[PDB]
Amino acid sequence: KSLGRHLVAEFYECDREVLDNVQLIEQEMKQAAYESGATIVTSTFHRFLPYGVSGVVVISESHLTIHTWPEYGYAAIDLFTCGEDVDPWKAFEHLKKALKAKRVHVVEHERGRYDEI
C-alpha cells in the first residue's frame, strides 16, 4: 500500500538507568533492527550531558531512531521500515521490553502511499 511503514512512539516511565546508558541503548537498538527483519547499514549513538542518549540505525531505505530524557523517564522513538518483509512492530516490542516503558503511545504512518507517488 506504500513504500514504508513508520511508527512514531512516545515511551513514558521507562527504566531511567537504561535510558542514560549509551552502550546498552545502542545494543538494544541494533537488536530491535534485527528483530524487525531489517539489514543495518550503519548506526551512530551519542551521549547527551548531563543525561540522555541519541542514536540512529540506518537500515535499507529507512531508519530507527531514539532520543532519551532519563530525567523524565521518557524516550522519543521512530521505527520507519520499508518492505513487507520488515515489521516495525517487532522492533517496538523489543524496545518496549528493553526500556521497561509503563505507558506508550504509537501512531503508524504510511510513507510513500502508492496512490500518492
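We number the residues from 1 along the sequence you see.
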Between 29 to 37 and 71 to 79, name whichever shows the higher mean Cα B factor according to the PDB entry.
-> 29 to 37
Residue range whose averaged C-alpha B-factor is higher in the record, 61 to 69 or 83 to 91 = 83 to 91
Within this chain's modelled residues, let me know which third the CA B factor of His105 belongs to: lowest, middle or highest.
-> lowest
State the tercile, meaning the lowest, middle or highest third, of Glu10 with respect to the CA B-factors recorded for its chain.
-> lowest
